[PDB]
Ligand SMILES: [Zn+2]
Ligand SMILES: [Zn+2]
Ligand SMILES: [Zn+2]
Ligand SMILES: [Zn+2]
């Protein structure tokens, strides 16, 4: 206990003391960069992107989103981007096909892992495809908490 | 010089090699052999976390003014010196046009996408013998409508000339020449919600108006010559099919539209009131 | 066995803080480089030093 | 100051401590995730060969 | 799940319901059991149904 | 599945205990705190009667 | 000191340039190379110099 | 069943631009697809 | 919120007497001390659980989602 | 009497929007009449807080 | 850091249940109670450095 440390009952923690939720959110949306055609929320295939991550992109669906309720690890991907320029020699110039990604897909923060939940999508101020997700993660109290 | 660096494992050589990136350590390894290729990667996101060039062009814009640890006696000299190099570039006129189309689009409350697309439309040509002046406002009036339509947003000519009187035909010829310009360098359904917005109606009349407009576009009876008006009388017949007093004089004064054409469309759909209602 | 002294002991009200351990654990070796200075970059988010 | 007489480093750890009455002064308690994350170079001799081979 | 509660919340809530424990010697630990994934010798199965009526 | 109490309190059956010996301090393993009297500043055990003073 | 310090050098006539690493393009993550402060100011310098030389 | 959007307990089954503002409802926020797929949990 | 299960202090099954502890207030006009007496938790370790639980699930559920 | 007034409306609305977004307390003049902590992000941890 | 203290070396016994752990003795020269303060750690790379940390 010395110098304001604490002894605790892990059996009481088992019984259900001090359990806690943890919501986190994400902001993501598209842009027009032409020659007015905007980005897309596509599900990547193998030959889709430019400089693909190692995200193991299977957790997404055809709308380029993740269905809620499944579990995610730290490095996993949840959103998908694609570059809409138009005109920059769109999918046959200086790259393979792998058409026009330059993919800036947002992975989760690489430490915390949990359950995604209740993904909503709604147009922004000017009218675009604008996406927010929320992930739910239990954190049982551990040795290193400030009480 | 060929300006080229290609990465290849010196011990596998099966292809342009199947390689991966370990960004968490910033290194690259040929996945087959398991040997590094290079190290000390440069981040690709931290710069976007750190802090309109395509429309301002290669030359870069700079506004100058005052601060805290300065003197008013020379910041007024700076305020009268900030225009000593605006004549070196045509970008002073480019940004004057940008400012004026900003005036126009935000005056008509148009969004950022519409503003930037009009900026794009002006920057596209910005100088031809086809342009040839033409009041310098006809070009921006064409460009804002071009950017609006290519933003999949429809705005009326009546709105455009409520914004600027461009005598409606210099505007038209500017539209034609800008159309040819853009085709060289290479939709009225959304009018309906703005009309019902100005009229204040719920959804079902709007959906019915869209359905009837689709059906009348399919069948016959152009009958109004700019079918904007037969769309309008489709709303008129829908609201008379319901029981909300949106009488013809009120509609005409609201939409600045011809009531005789309203009665003509009323007669021609009075004939064809049959096949236009789903529930 | 019996305990020599005696203890003041009973119910009391506590509460929980925010600075949990998983946002503060952080370690790194031979990671990303900052292009201005060729040094390790900042931030627990992007795996700093 | 921020680049020459002080700068960022490598091989670094940063957590929060707790006491213990069973570890003497020259030791320190180190958590195993950090032990996985860090490293240390060695050399290959006739002496360390088998232990290094096993640990590889 | 549809409730206004979380799912692992419901799980930890469930985990404390005790059960009948007479014949507990008869069955076997899953760690020592030769099967995989909860044979009838080593575990039991629970079903719960509710409805918003 | 099976589980035991020692790794998690889910399988604990006990959830209470009571424990007493030498209710009357005869073994004198410990004294009592007092400010003016050992006796009156403390209550008797409920187990008092089964052993003599 | 004659070998290293002579006051005509103390007046600027010909100006060296800094290399690309000191003024690096940040590659601003959607379409820009993200040109920075030093290259920006040097471009200003070249513009003003060419203006003065044409004027004279 | 792909979208909900509203207080309706309706499997709206929207895919692409079929009056995204919900017809028998009055919403424009477009709730999305509580998952059919089976989940795993761990109640230890 | 929900009255929890298995007291941190003692650990017996708690919440059986929960809505009972309710209805020993309204239709009995009964003081809580003797209510907890006839309720019958002779320790205090469980008595505190119901003494300081505050319902939240009512205020939760009187939304109308979906 | 119409074309300028709507961009005036843009200026007034944009000015208030910029002010209550940033917390720089003044018009677009790079921190004149400048004092910062006027537009704090609302603390949203605990009802008491 | 203020003085010659705060700079100890240590040996290591590797511990699970991720956090640090150290002796209750050395606490006051470290000038830190357990109020949540964080520590900083470094690891030498070569033998000269390791030896001089060990011996000094
Ligand atoms: Zn290889
Ligand atoms: Zn089995
Ligand atoms: Zn709806
Ligand atoms: Zn209890």
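Reconstructed Cβ throughout: ideal geometry from the backbone, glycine too, with neighbour counts over all protein chains shown. Derivation of every value follows stated rules applied to the coordinates shown; laboratory data play no part.
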Please give the residues of the range A:1-20, grouped as numeric ranges, whose backbone N is less than 20 Å from a label point set 7 Å along the Cα-to-Cβ vector of residue K:25.
A:1-3
Please report the relative contact order for chain J, taking Cα pairs under 8 Å with a sequence separation of at least 6, and give it as a percent rounded to a whole number.
22 percent
Report the Cα centroid-to-centroid distance between the range J:1-26 and chain I in angstrom, as an integer.
56 Å
Cα extents of chain J along the three principal axes, largest first (Å)
52, 25, 9
Which percent of Cα pairs goes in each bin when the distances of chain E are cut into 5 angstrom slices starting at zero?
4, 13, 18, 19, 18, 13, 8, 5, 1
Evaluate peptide C:14-22: per residue, the Cβ atoms of other protein chains within 10 Å of its Cβ; return the mean as an integer.
6
On Cα atoms only, tilt of G:37-55 relative to the major axis of chain G in degrees
60 degrees
Of the convex hull drawn through the C-alpha atoms of chain I, the volume per residue in Å³ is 102 Å³
Using helices alone, I'd like the mean residue ellipticity at 222 nm for chain K: each DSSP H run of four-plus residues gives -39500 (n - 2.57), total over residue count, nearest 500.
-5500 deg cm²/dmol
Using a Gaussian network model of chain A whose springs link C-alpha atoms within less than 10 Å, name the residue from A:123, A:83, A:38 with the highest mean-square fluctuation.
A:123
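For a Förster distance of 56 Å, can you work out the FRET efficiency between the beta-carbons of residue D:5 and residue F:30, rounded to the nearest 0.05?
0.40
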What would the Debye formula give as log10 I(q)/I(0) at q = 0.07 Å⁻¹ for the alpha-carbon point model of the protein assembly as shown, no solvent?
-0.94
Rounded to whole Å, give me the distance from the Cα center of the range C:23-49 to that of the range B:229-248.
65 Å
Virtual spin-label span in nm between residue J:9 and residue B:134, 7 Å along Cα→Cβ:
3.0 nm
Just counting partner chain Cβ atoms within 10 Å, what average do the residues of peptide H:30-37 show around their Cβ?
6
The FRET efficiency for residue B:183 and residue A:26, from their Cβ-Cβ distance with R0 = 41 Å and rounded to 0.05, is 0.50
Compute the distance in nm between two label points, each set 7 Å from the Cα along the Cα-to-Cβ direction, one at residue E:44 and one at residue K:9.
6.2 nm
Residue B:7 to residue A:99: FRET efficiency via 1/(1 + (r/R0)^6), r the Cβ-Cβ distance, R0 25 Å, to the nearest 0.05?
0.70
Stokes-Einstein D (µm²/s) once Rh is taken as the Kirkwood radius of chain C over alpha-carbon pairs, at 4 °C in 1.567 mPa s:
83 µm²/s
With -39,500 (n - 2.57) per DSSP H segment of 4 or more residues and division by the full residue count of chain G, the 222 nm estimate, nearest 500 deg cm²/dmol, is -11500 deg cm²/dmol
For the range H:2-44, just list the percent of Cα-Cα distances falling in each 10 Å bin from zero outward, please.
26, 44, 17, 11, 2
Averaged across the residues of J:18-31, what count of C-beta atoms belonging to other chains lies within 10 Å of each residue's C-beta?
1
Percent breakdown of C-alpha pair distances by 5 Å bin, ordered from the shortest bin, for chain A:
2, 8, 15, 16, 14, 12, 9, 7, 5, 4, 4, 2, 1, 0
The range H:2-44 - percent relative contact order, Cα under 8 Å, separation 6 or more
41 percent
Residue J:44 versus residue G:37: modelled label distance in nm, points set 7 Å from Cα along the beta carbon direction
3.4 nm
Taking other Cβ within 10 Å of each residue's Cβ, how do C:13, H:3, I:63, F:34 sort, fewest first?
C:13, I:63, F:34, H:3
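At 222 nm, what helix-only mean residue ellipticity would chain D give, in deg cm²/dmol to the nearest 500, using -39500 (n - 2.57) for each DSSP H run of four or more?
Working: 2 runs with 13 residues, N = 56.
My calculation for chain D gives -5500 deg cm²/dmol from helical runs alone.
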Relative contact order of chain I (C-alpha contacts under 8 Å, at least 6 apart) in percent is 42 percent
Please compute, over every Cα-Cα pair in chain B, the percentage with a separation greater than 34 angstrom.
51 percent
Using alpha-carbon coordinates alone, the radius of gyration and Dmax of chain F in Å work out to 18.2, 57
